[PDB]
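The chain that follows stands alone, in the form deposited in one PDB entry, written as structure tokens.
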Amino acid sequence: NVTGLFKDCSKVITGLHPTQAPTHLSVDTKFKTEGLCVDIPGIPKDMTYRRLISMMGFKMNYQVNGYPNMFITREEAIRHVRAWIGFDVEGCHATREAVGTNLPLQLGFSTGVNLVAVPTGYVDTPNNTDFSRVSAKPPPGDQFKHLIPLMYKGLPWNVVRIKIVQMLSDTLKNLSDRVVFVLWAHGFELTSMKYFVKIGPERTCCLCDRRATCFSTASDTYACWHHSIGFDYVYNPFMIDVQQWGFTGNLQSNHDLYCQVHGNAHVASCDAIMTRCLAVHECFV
């Protein structure tokens, strides 16, 4: 019994030294005996490795006192329709030094905004995890050709997450005290949220008495949507996956049952607009 969360995507044939492996599974077979591991005299540590670790497979099903649920019910989502922001991500694939994981490339929102990130991943090294640019390629096939020019137009993640917080703040400051991301098949959107969301207990703005929706790594401070300039993380967002409401085929076929004004222009923002539009038609029309 294994999971794909934190799968090692390197092409290194062997596992790690017992002192460097994050887990028993990741220790090389050579050190395993009698149900546990042994240190073997004469076998060195590896002091130059870079191992890409996959962020696919997060499970936000904890129940911890004082920490809000990220995923909400359809009934709670309906009460907060003014906080709805459709969200979709088109990814690129790890290549060359690693294979087997998807990295965010084009982040699209129901506001019509698309942000492009440099392909960046979580690379374990002998001393830490290095959040860094990794080799990547767009998925092959004619349906993905539009992602080709995006491979060289990406912004560093430190710039992308500030732009996400600014866009959300500009959009929601006069609409809600929160954000509800409206998703369709949430796995990769949740993986992408690792790059720009933090969670914790409910907090208030540094500059006023409103509920904190943003966090700053610069000062370890919290802001509402009105005082978040320069804030880099979205704090305690909510979300819902529309696909789990009983639809059977793809997003476009379900969206098109109720709406004709949103033609598919094959981009992350268009999928985000269609997702929020389908949810609105399903709950309010």
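For every residue, the number given is its place in the sequence shown, counted from 1.
Keep in mind that the form deposited with a small molecule bound is missing from the display, and what follows is about it.
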* **is_contact(residue 84, the small molecule) in the deposited bound form, heavy atom dist at most 4.5 Å** => yes
* Would residue 171 count as a contact of the small molecule in the deposited bound form, using a 4.5 angstroms cut-off between non-hydrogen atoms? -> yes
* Does residue 213 make contact with the small molecule in the deposited bound form, using a 4.5 Å heavy atom cut-off? -> no
* Asked: How about residue 132: is it within 4.5 Å of the small molecule in the deposited bound form, going by heavy atoms?
  -> no
* Asked: Using a 4.5 Å cut on heavy atoms, which of 204, 111, 166, 95 is close to the small molecule in the deposited bound form?
  -> 111
* Just one of 185, 199, 99, 175 has a heavy atom within 4.5 angstroms of the small molecule in the deposited bound form, so which one? -> 175
* **Heavy atom contact within 4.5 Å of the small molecule in the deposited bound form, the stretch among 150-158, 84-92, 67-75, 134-142** => 84-92
